[PDB]
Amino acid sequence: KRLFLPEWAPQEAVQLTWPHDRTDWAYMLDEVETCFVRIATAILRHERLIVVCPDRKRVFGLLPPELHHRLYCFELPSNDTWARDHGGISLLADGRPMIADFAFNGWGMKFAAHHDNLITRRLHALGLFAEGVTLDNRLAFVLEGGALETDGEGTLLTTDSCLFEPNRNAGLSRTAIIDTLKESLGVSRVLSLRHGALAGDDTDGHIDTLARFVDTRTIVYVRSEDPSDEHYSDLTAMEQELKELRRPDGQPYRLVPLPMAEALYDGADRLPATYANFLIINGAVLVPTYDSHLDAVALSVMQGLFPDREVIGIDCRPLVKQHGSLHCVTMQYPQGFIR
């Protein structure tokens, strides 16, 4: 008996894997590290914060003073900052908090991850989770958070392009892969979209960057507008696929369109900027900004969907230059999961 908690559920804290590169002394901070400080400072202001870094001294030294009591630093090696794809999945088993430690292999083996796929285990053995919280070893099944999206009702939303990656769980059949999700996460239905990809995306179309649940019966998604753009043809196909989706009660979902981020990139490589990659936390919502007249729209639409929490836009261009955004560098844990 399992239940996959939704993001908006009351949180205990948010985990962040600080960039490993940073270790040298300097007068200022790079565009990317100031970004993590911004995120870490947004979270630390509403709830506790967990940090996997190369040395506590830098972190505590960068984040606001005497706000440190909400800061938990763990010195452990890492290969990247995508806590969302390698972090532990929080869920309830027979009413008790449990952590599913799925396997992360660099998004289909695209990048070394010998350190990231160890982070969750070290953190558990190190006593990071609440006393009693079990660690359900699922290292035999590759799966990343970004590809996971639920409503807390046993409904899972993902993408086939990801769930059926040749370097993920190709050794299992389609059904075996879906059943594992239903048994690991206790989900009753898996709604996997076959359309939807973002240029610059090395994750293989994570539902994490296209469509998301804001409540038990609402889904926000990136709707393209320019039919001459390279995304329009598939994004439109996706939107038509969501219209099909029925809510648990049998009724159609309330779909809220999100503006397509403007073509922003560095070099002949277009970046996957997306407003869908927002972080929901206690009393607030962190929404990526890319310095365009569009992110002001994404803030209004998100603010209306969350009149309860405060929408806080964080510039995530230094992150999109790394083919990823805000939500990709975070992993939340609900109340009673952390010590």
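When you see a residue number, it is the position in the sequence shown, counting from 1.
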query: Higher-scoring stretch by recorded Cα B factor average, 190 to 198 or 250 to 258; finding: 250 to 258
query: Segment of higher mean CA temperature factor, 320 to 328 or 18 to 26; finding: 18 to 26
query: Candidate residues 266, 208, 204, 151, the one whose C-alpha B factor the record puts highest; finding: 266
query: Most elevated Cα B-factor in the entry, residues 61, 283, 304, 288; finding: 304
query: Modelled-residue ranking by C-alpha temperature factor, third containing residue 292; finding: highest
query: Record-listed C-alpha B factor of residue 245: chain third; finding: highest
query: Third of the chain, ranked by Cα B-factor, where residue 69 sits; finding: lowest
query: B-factor third for the C-alpha atom of residue 94 within its chain; finding: middle
query: Chain third (lowest, middle, highest) by recorded CA B-factor, residue given as residue 277; finding: lowest
